[PDB]
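Geometric and topological summary
Below, each chain spelled out in residue letters.
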Amino acid sequence: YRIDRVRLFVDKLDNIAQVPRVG
Amino acid sequence: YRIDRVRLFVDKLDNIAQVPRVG
Amino acid sequence: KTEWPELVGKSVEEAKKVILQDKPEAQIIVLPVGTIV
Amino acid sequence: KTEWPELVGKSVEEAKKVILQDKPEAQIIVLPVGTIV
């Protein structure tokens, strides 16, 4: 759990597929 | 479960492979 | 309307056009089959 | 602010701009859906 990091989980077109959350 | 989202699961030719559903 | 069985086999472009017509707010995500969600 | 539900469906570029505005120090990592972390 890293408070400064935000992962972006992207689909095949590079659009955000899931709600981004700190961690 | 996100009511505004619709995932499209696509095959190797980018055709819809499974019935699209809200979620 | 929560499901679109008429789109099986169709392209992404045709799926999108149909979905946005039925559901204007849809956020369309495109993933390979077998992707864990 | 720890979550950004308004970004579902948007591009990486728009997500990044919004996140860095809310969280200047954010270290933005971009992964395919289904990636084990």
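Looking at the method and resolution fields of the entry, one finds X-ray crystallography and 1.80 Å.

Counting residues at the interface gives 25 residues for chain D, matched by 18 residues for chain A. Together, the buried faces of chain D and chain A total about 1800 Å²; carbon and sulfur atoms form 64% of this surface. Sorting the residues of chain D by area buried against chain A places D:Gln27, D:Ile29 and D:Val33 first, and these three jointly supply 25% of that buried surface. Remark: the boundary between chain D and chain A carries zero salt bridges. At the surface where chain D touches chain A, the tally comes to 13 residue pairs in polar contact. Mapped onto the side of chain D that touches chain A, the elements with two or more residues apiece are α1 (12–22) and β1 (27–32) of chain D. It is β1(D) that contributes the most residues to the side of chain D that touches chain A, six residues altogether. For the side of chain D that touches chain A, a count of residues per class yields 15 nonpolar, five polar and five charged. Of the strand pairs in this sheet, strand β1 (residues 5–10) of chain A and β1(D) are connected by six bridges, and their pairing is parallel. By the bridge assignment, A:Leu8 is partnered in β1(D) with D:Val30.

About the thresholds
Residues numbered from 1 in each chain as written, not as in the entry; some residues may be left out. Chains lettered and ligands numbered in written order. Heavy atoms only, no water. Contact = heavy atoms within 4.5 Å. Buried area = accessible area lost by both parts, 1.4 Å probe. Salt bridge = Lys/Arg side-chain N within 4 Å of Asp/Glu carboxyl O. Polar contact = N/O pair within 3.5 Å; in protein donor to acceptor, adjacent residues only side chain to side chain. Helix = DSSP H or I, 4+ residues; strand = E, 2+ residues; numbered from the N terminus. Nonpolar A, V, L, I, M, F, W, Y, C, P; charged D, E, K, R; others polar. Pairing = 2+ DSSP bridges.

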